[PDB]
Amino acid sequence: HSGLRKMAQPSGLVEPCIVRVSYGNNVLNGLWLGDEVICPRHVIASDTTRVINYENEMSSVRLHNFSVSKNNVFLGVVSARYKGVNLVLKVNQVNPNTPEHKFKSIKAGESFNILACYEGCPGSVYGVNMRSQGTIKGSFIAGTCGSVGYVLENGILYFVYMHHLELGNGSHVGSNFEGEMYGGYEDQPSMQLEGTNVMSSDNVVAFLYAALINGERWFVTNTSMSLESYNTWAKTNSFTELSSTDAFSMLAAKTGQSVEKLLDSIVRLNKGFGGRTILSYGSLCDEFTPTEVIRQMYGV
């Protein structure tokens, strides 16, 4: 009974890039790469608790009003441009600890790492999973805007997320480094709603395989459901369509349960667990990808 737990990738490369950026009373995090610092543009808003006119804020932006710092290092701001909802600051000094990196976007249902930082101090690291609506269930609180999401893929560091805001339902909204807010959300204190959650089927199947590997089998019966039939069902029950079962071959082989037996399990279990649990959860979990589960269980 090893169980199943959300893991992060190490944060070592990312920590030395974090700086503190402030403008007026606002204080948040920046990402210092080469001679550039990146942070949410709302750092410039004179009042972030009411609707913001960003065209009017930028016009009155005076560079000298920025304070960017790390340790005893105070960076000078030589210029500042919007890149979508991200503010981009050319500073007078190159970050000697800049790692080799690239930028990419995260897709619905994919996992990545958060380094959560409080006004410049990196404080925690934990894995997250992008929800259907482009949000994540982070744990962001006051001071953590500009915290950074990243993934390591074959020895290559990708920066993928910059944190911006929290929705009424406790879901969290961020941007990629092209300055597009994931899910299209605006960077405003509008009482925006997330929209309905569509659970990732691939991920829920991964999670059920993890439970089987761990010796929990109650939710498997002597019935299965074909991919096509399951997809017809998921379109009308807030689940994603499953395009292929190839992703799960290893899990199916190791557990002797076909993906199709687990599609049947989802349809039954979505109506309720009947008092029982699965890896301690009393409801379906879609936070782990198939790949995440295979590496964690087998190290492939």
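Residue numbers here begin at 1 and follow the sequence given.
Looking at mean Cα B-factors across 235-243 and 51-59, the upper value is held by 51-59. When the mean C-alpha temperature factors of 251-259 and 264-272 are read from the deposited coordinates, 251-259 comes out higher. For the set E216, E186, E228, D202, the PDB entry assigns the largest Cα B-factor to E186. As recorded in the PDB entry, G84 shows the highest C-alpha B-factor of the residues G84, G174, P99, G143. Ranked against the other modelled residues of its chain, the C-alpha B-factor of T277 as given in the entry falls in the middle third. Per-chain ranking of the deposited C-alpha B factor places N129 in the lowest third. In this PDB entry, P122 carries a Cα temperature factor that places it within the middle third of its chain's modelled residues. Among the modelled residues of its chain, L115 has a C-alpha B-factor that falls in the lowest third according to the deposited record.
Per the deposited record, the Cα B-factor of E292 falls in the highest third when ranked against the other modelled residues of its chain.
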